[PDB]
Amino acid sequence: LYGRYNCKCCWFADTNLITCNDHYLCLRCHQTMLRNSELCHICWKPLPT
Amino acid sequence: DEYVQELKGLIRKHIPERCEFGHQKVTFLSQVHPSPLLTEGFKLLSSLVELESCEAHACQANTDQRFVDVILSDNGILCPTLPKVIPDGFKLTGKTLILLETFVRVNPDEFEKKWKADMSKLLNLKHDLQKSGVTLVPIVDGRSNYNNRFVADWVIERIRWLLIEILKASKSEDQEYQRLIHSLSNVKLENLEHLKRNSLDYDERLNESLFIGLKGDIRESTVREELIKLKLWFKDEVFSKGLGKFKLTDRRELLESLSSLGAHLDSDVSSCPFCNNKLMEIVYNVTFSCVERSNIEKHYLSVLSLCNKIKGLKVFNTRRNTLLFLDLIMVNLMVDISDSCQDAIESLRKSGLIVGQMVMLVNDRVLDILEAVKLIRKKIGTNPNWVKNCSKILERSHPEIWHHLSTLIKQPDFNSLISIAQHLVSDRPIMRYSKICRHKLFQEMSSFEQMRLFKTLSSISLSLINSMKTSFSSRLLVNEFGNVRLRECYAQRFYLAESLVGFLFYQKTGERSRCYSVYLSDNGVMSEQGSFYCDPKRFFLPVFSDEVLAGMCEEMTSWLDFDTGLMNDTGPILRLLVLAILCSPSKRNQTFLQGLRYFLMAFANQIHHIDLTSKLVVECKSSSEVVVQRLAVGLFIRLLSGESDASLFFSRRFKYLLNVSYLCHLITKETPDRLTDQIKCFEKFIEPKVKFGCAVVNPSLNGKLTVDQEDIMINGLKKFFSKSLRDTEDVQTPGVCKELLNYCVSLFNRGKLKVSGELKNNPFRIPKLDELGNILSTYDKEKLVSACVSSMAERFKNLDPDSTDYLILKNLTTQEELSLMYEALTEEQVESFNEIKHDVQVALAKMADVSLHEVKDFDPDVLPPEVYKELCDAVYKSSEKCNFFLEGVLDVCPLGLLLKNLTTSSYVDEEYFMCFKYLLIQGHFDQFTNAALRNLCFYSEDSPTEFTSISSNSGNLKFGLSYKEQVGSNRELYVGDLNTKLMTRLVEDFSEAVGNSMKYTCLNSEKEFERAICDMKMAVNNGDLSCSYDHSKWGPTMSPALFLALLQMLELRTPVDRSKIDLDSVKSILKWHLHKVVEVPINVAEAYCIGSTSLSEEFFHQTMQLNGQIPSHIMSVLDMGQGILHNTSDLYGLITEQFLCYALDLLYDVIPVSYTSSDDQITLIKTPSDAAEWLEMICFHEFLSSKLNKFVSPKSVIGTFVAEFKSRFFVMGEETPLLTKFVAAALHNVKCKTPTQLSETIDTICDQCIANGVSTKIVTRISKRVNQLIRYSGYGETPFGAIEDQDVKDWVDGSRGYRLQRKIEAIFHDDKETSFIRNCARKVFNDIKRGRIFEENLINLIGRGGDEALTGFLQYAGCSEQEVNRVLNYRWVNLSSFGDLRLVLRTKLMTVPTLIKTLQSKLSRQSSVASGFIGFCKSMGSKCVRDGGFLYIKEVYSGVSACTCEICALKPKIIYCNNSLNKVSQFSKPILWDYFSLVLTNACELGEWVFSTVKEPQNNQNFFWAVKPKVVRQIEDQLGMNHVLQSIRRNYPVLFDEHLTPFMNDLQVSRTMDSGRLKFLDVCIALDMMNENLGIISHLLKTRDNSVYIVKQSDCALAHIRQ
Ligand SMILES: [Mn+2]
Ligand SMILES: [Zn+2]
Ligand SMILES: [Zn+2]
Ligand SMILES: [Zn+2]
Ligand SMILES: [Zn+2]
């Protein structure tokens, strides 16, 4: 089972979240961290597509 | 008559030394009658005891039993109508009196109670005997056994046995017989059925007002119906109207309120940190003045140190002429230096140690040259031979060790000194007592001036700490508004660059707060930098920490590297905040930062109390708090504010802000003022009792209350239990409602809660109190004075030198020993010592034998100088006196002229107040029923025989009030007598057992604490409702009557008997506790009597003389002292909280589980089936908790994002590390008695710090700071020393021995010799494991030494003479070779290998840090290193030869070769032997992987993870007790017999070969006994205490691979 259905970067966004193979990412934080680099910076894995 | 007749025969072995002995024995032996026999025998035994005790003190036994009035009237002495007291032994001589009262008590309780009842009765007589008479010294001789020096110490117990047997055979009341037998046994818990428990017609109303509504049998359905109806009433009556206590978050309004309360807007202060605070301005001045811009000095420093050393011997019995002589020596040395080498007075003085027309002298003093020559011009013409006697006194009766060949006997030529004075003209300091801004805008400075600011702060703080070091018994030559022209002020120096130095001028000594003036000196041009006012003992943290703070700030800033542009604004702000915190330490900054922590906690969550923002505001004074509050609030707003893109990485933001709020740990917690803190503690203690209306005044202290006292007590008891379940008015006043308590008990009994009454392991298995904190109580002072006076009187069998004062140093803690024992005292300790000396001297003077004091306090010892000007005392003491003074100093000081000698010695010196006091003292300006006549010799009348509902016939449970130092606000503290301590111990053990039977409470059970931690972690990870409830006023609100009711309603069923234990003793002790008496501090009474508004001061003045007398004892209903009933309070809280969880589960269909720690709790609620529909439940829970005595604090929070319990914050995914807490803990608590213990302490702290993922770049800096602290004290660097630098993340799987081994391996570069030693150690280990298995024979090789042991091991494995000469060459210096460094450190008043001490500690069961370190540095400079005598450390280190044979230069001043220590070879030991011992012991400890060769290997700084140690033990891991004792007895019989196991009764198991001959413990226990820094046996008997290490992935990739 995954976590508690929260972005894990803002704690406050629970709506159509995306999984990062270990947690639930938000729709905007994913784009920001992807525009930054190729790493995840919150679980240290390759980010999804 | 079997024993009756044998008594007269057995007592025949008595020696009639005195006449009364025989006169009583002839009457006892010649009278056989059972009624006058027991009294005669008891009185004869008592007379023997008291006669021995009297003759022991050169006494005169009182054979007439006459009072003191008539014993004074025998001589010519007027009776001032003293109280009638019968003394046991008297001794009158001249005009002094010695009264001694002796007794005997066998148990400690009655011994203390009798001593504290006889000493007070003796002290109450001196106030009436001194007003119109003579002085007296009281002696109290108590003996805990009937032994003496007249019989062979074997007949006394036989006589005792015969007497008790005759008494129990036939008698002739009921309790006079139970006490006599109890007072003749030797030694003898609960079950006090021997007591009587007689009623007193007052306990009827107690039981009628305590147990009328308590039933405890209510059914289960009725509770459900009542709870349902109560909820239905609550929902529509007090919640839908808006009278709740909790509300939603609404972050925007939170930020608005923060900006309103923190960022001041109506203030006139500017936005510049350097303009408001003075110390920051001085730091800025010095920094931006320094940044942007030779045998003479050594000779001067050497002779100055020699003068400073000769000043410490006080070989002149005076202070003025001593300073004149030292000044003469110094000026003659200056004029002898200025004879030639013209480039010395301007080159090596201006750039060295000199200032404008001022020279440096002894005692860190600075003296004007013109004043110096003017004072040297005195003492000549009127005393022409002054230079002659001083020159011929430094040879005979003198150390005769001096280099003063010509600088001493020279006559000071004044013309050359005037030439020097006219060379450099006056530019003296100004000593400034009591708008344009140009300050470079800190935010836009380079990265080099800020480090310079930190370095300058470090330097000035070190100078302040050193200013605290100046001698106390020091008086300036001449004495002294807004500006004072300094001429004779003290000065300290600190170096900053090649040419410029900095001076710090002050005028006072001690540890008080002062005003300092900071100046600079570039090339002799003395400039001005500023002035400020501070307390020196609050600046110890930055003393050497200028690289630790920079590193922690740097990495705390790098935490925010997710946005390039956020850290660039928060870096300088954070650094400036740290600087402003360090330059202004105060309690208000601590309080504000704690409030910030709670604000962040409430911001992250969703529901919070409605009274929060009223707990965050602090009234800022001094205009220096305003800037720090603005900085902190600005940082909070910059990190938290925003509309949408303000939470991109919230874990990092929460961590940053929590560590920012935890910066309150940098400021010390050391009570800025003692009297103010005691006053505040008394306010906080007595305010709620006066608000409630039950605080009585001074009781009888015997268990007897008047009618009004019991009336008010019962009224308070009724008011406590008179709260209803509907009225919403009483939700903040103490008290409990009986209906809900009955529900709780009735539901607890019928196995419904999560705890039950199914317990196992049946639980029934001389200080004064009104002054807590004083360094010397009245009792100790009077005892010391009496002891000294009695000793001096017994010696006079007159004349006396100052050696008597030496006696006062012998019992409180040969000029060298006197100087070593006097210098270890603190300022107020010096004052108390002066008081004691004065009292003893006046007493001895009496033994040898202005009007405003008679009406006022007649004691001239406390005549204040603030009631009189200075000129009047200065002129009146120098008037005409013919027979008061005498010519000369009279060093021999014969008895009979001691007062004249003291007056003369005080008048010759500068101070005149002592002369005036001595003139006042010298001018006489101070002028057969066996129940009543049998309880006076040795009958322990005060023993517990019958008790009532309020006392125990032996007191009323007296306590004492004090405080405890904390970060935010101080805590309360109660210190009681011995009897009350025993009773509290009984009840606490009972309740601790009962709670140990329970499950959910976690206060003294670490497994339940770990279970709570796991539950909380899983809740925060899953998304359950976590409610962190901290309760307010838990101590001063609870009452023992609540526990009484709870226990009366309980049953506590036995495990397998089901007997319903009767709790009579527990309830009796609780009733005794309910009527306890608390004594108020005497300082508060004095401050409120001598004489802003205060409630407690109002109560004091209202109760001072209106109702009765000045309050000294306060009894009330509700105290429940903090730290007294801790366990019973925990039990009550557990029961009530389980009831509340049951009610919540019943009403709101949720699943709660709660953990409690007796003051705060955490409740984890799992809800069915976002979190806006749970406000009603929380408000209802708070209402019900208020219906019990469990008020909730506004700091409590409810949410689903963060959880707190015992200061341990758990968040989504991980846990916040709290870096700054551990760093500030490491920089503090430098408690040093030896460098080894300091190294070990900082090692443990750094280990527990790096366990919480701090860094490996900040621990090396703490290590270097501790190394520099050791080096600065004068001890020098050692191979082991403090913890190691350049460490790695291998604090896991590594003990202290392993990092010591790493340090020693790092000393050697190519690790060749260490490799050889390690290979030999591996050979020895493999040979002791199997093959040629060894035995205890190696023990006989270890106890010899270092050289022989190492060469024996080497020739055991295999070697030759080449290895003998090679390995044994590397030597280091061990000052602790013939013992340990002798030193008297800053301890409290009134006062062999270390493995033995550790085992003794295992078998059995207010001071500043800056002052302690100053005392340590001061003691490490005297004669400390022992030999054969004692000597200095620089004397030892000056005997080493600078050979430099390219083997002693690989690590200078640490490792030498053999021939470099030929001069001093007693202190020289091989380091390879210590390396071998450490390698072998680490092999014993944590595996055999410590033999391989170290190889080096071939990540965003935020990738953390948890790792476990990888140790493998080969020492039979269990390794319990009773194993080291057996091996110690085997190998060291004499050392096992003495110093070990006198307090041991289970030798049988430890002797019957209980798992004897351990695998490796046989040899790895002798290496620990001789090495004074190995210490593994004290480590094997201890847990890891960490068990897991959080570390970043960047460090785990750079470690060393040793396998
Ligand atoms: Mn708490
Ligand atoms: Zn998000
Ligand atoms: Zn991820
Ligand atoms: Zn400014
Ligand atoms: Zn050498």
# chains A, B, ... in the order shown; residues from 1 in each chain; ligands from 1

call {"tool": "residues_near_ligand", "arguments": {"ligand": "ligand 5", "cutoff": "10 Å", "atoms": "only C-alpha atoms and all ligand atoms", "output": "MDAnalysis selection string"}}
result
chainID B and resid 1369:1371 1441:1450 1452 1455:1461

call {"tool": "residues_near_ligand", "arguments": {"ligand": "ligand 4", "cutoff": "12 Å", "atoms": "only C-alpha atoms and all ligand atoms", "output": "ChimeraX atom specification"}}
result
/B:269-278,280-281,284-285,435-442

call {"tool": "residues_around", "arguments": {"residues": "range 3-19 of chain A", "least_positions_apart": "3", "cutoff": "8 Å", "atoms": "only C-alpha atoms", "output": "list in words"}}
result
residues 22, 23, 24, 25, 26, 27, 29, 42 and 48 of chain A; 647, 648, 649, 650, 651, 1021, 1022, 1023, 1201 and 1212 of chain B

call {"tool": "write_last_selection", "arguments": {"atoms": "N, CA and C atoms", "output": "PDB file, in the first residue's frame"}}
result
ATOM      1  N   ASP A  22       6.493   5.479  -5.073  1.00  0.00           N
ATOM      2  CA  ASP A  22       6.499   5.341  -3.620  1.00  0.00           C
ATOM      3  C   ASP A  22       5.491   6.228  -2.908  1.00  0.00           C
ATOM      4  N   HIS A  23       4.929   7.240  -3.557  1.00  0.00           N
ATOM      5  CA  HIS A  23       4.081   8.214  -2.882  1.00  0.00           C
ATOM      6  C   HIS A  23       3.064   8.742  -3.889  1.00  0.00           C
ATOM      7  N   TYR A  24       2.446   9.875  -3.567  1.00  0.00           N
ATOM      8  CA  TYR A  24       1.455  10.541  -4.448  1.00  0.00           C
ATOM      9  C   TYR A  24       1.938  11.969  -4.712  1.00  0.00           C
ATOM     10  N   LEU A  25       2.298  12.269  -5.963  1.00  0.00           N
ATOM     11  CA  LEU A  25       2.797  13.625  -6.316  1.00  0.00           C
ATOM     12  C   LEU A  25       1.633  14.487  -6.814  1.00  0.00           C
ATOM     13  N   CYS A  26       1.776  15.810  -6.702  1.00  0.00           N
ATOM     14  CA  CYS A  26       0.743  16.786  -7.147  1.00  0.00           C
ATOM     15  C   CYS A  26       0.893  17.021  -8.655  1.00  0.00           C
ATOM     16  N   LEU A  27      -0.093  17.664  -9.285  1.00  0.00           N
ATOM     17  CA  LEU A  27      -0.054  17.900 -10.755  1.00  0.00           C
ATOM     18  C   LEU A  27       0.914  19.034 -11.119  1.00  0.00           C
ATOM     19  N   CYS A  29       3.667  20.210  -8.793  1.00  0.00           N
ATOM     20  CA  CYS A  29       4.983  19.943  -8.226  1.00  0.00           C
ATOM     21  C   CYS A  29       5.762  18.971  -9.099  1.00  0.00           C
ATOM     22  N   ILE A  42      12.576  13.982  -3.850  1.00  0.00           N
ATOM     23  CA  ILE A  42      11.765  13.611  -2.693  1.00  0.00           C
ATOM     24  C   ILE A  42      11.772  12.118  -2.413  1.00  0.00           C
ATOM     25  N   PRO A  48       8.401   9.811 -12.968  1.00  0.00           N
ATOM     26  CA  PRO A  48       7.521   9.240 -13.996  1.00  0.00           C
ATOM     27  C   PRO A  48       7.421  10.119 -15.231  1.00  0.00           C
TER      28      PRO A  48
ATOM     29  N   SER B 647       4.340  26.519  -0.788  1.00  0.00           N
ATOM     30  CA  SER B 647       4.537  25.253  -0.095  1.00  0.00           C
ATOM     31  C   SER B 647       5.148  24.220  -1.031  1.00  0.00           C
ATOM     32  N   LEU B 648       6.161  24.615  -1.803  1.00  0.00           N
ATOM     33  CA  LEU B 648       6.730  23.692  -2.781  1.00  0.00           C
ATOM     34  C   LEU B 648       7.477  22.550  -2.103  1.00  0.00           C
ATOM     35  N   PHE B 649       8.174  22.838  -1.007  1.00  0.00           N
ATOM     36  CA  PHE B 649       8.841  21.814  -0.201  1.00  0.00           C
ATOM     37  C   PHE B 649       8.589  22.176   1.257  1.00  0.00           C
ATOM     38  N   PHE B 650       7.508  21.653   1.830  1.00  0.00           N
ATOM     39  CA  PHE B 650       7.119  22.088   3.163  1.00  0.00           C
ATOM     40  C   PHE B 650       7.858  21.363   4.278  1.00  0.00           C
ATOM     41  N   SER B 651       8.380  20.163   4.028  1.00  0.00           N
ATOM     42  CA  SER B 651       9.165  19.490   5.056  1.00  0.00           C
ATOM     43  C   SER B 651      10.415  20.288   5.395  1.00  0.00           C
ATOM     44  N   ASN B1021       1.856   8.679   9.339  1.00  0.00           N
ATOM     45  CA  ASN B1021       2.050   8.137   8.000  1.00  0.00           C
ATOM     46  C   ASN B1021       0.748   7.704   7.339  1.00  0.00           C
ATOM     47  N   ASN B1022      -0.277   7.351   8.117  1.00  0.00           N
ATOM     48  CA  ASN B1022      -1.538   6.889   7.549  1.00  0.00           C
ATOM     49  C   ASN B1022      -2.596   7.978   7.443  1.00  0.00           C
ATOM     50  N   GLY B1023      -2.524   9.018   8.267  1.00  0.00           N
ATOM     51  CA  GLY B1023      -3.462  10.118   8.165  1.00  0.00           C
ATOM     52  C   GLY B1023      -4.566  10.087   9.198  1.00  0.00           C
ATOM     53  N   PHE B1201      -1.124  16.314  10.559  1.00  0.00           N
ATOM     54  CA  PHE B1201       0.080  16.563   9.777  1.00  0.00           C
ATOM     55  C   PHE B1201       1.358  16.458  10.601  1.00  0.00           C
ATOM     56  N   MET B1212       5.198  13.661   8.251  1.00  0.00           N
ATOM     57  CA  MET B1212       4.903  12.727   7.169  1.00  0.00           C
ATOM     58  C   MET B1212       6.199  12.212   6.558  1.00  0.00           C
TER      59      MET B1212
END

call {"tool": "residues_around", "arguments": {"residues": "range 1158-1170 of chain B", "least_positions_apart": "6", "cutoff": "9 Å", "atoms": "only C-alpha atoms", "output": "PyMOL selection string"}}
result
chain B and resi 1001-1003+1012+1015-1016+1019+1023-1032+1034-1035+1126-1127+1129-1134+1141+1149-1152+1203-1206

call {"tool": "closest_atom_pairs", "arguments": {"of": "chain A", "to": "ligand 3", "cutoff": "6 Å", "atoms": "only C-alpha atoms and all ligand atoms", "output": "Markdown table"}}
result
| residue | atom | partner | partner_atom_place_in_ligand_line | distance |
| --- | --- | --- | --- | --- |
| A:20 | CA | ligand 3 | 1 (Zn) | 4.4 |
| A:40 | CA | ligand 3 | 1 (Zn) | 5.2 |
| A:42 | CA | ligand 3 | 1 (Zn) | 4.9 |
| A:43 | CA | ligand 3 | 1 (Zn) | 4.2 |
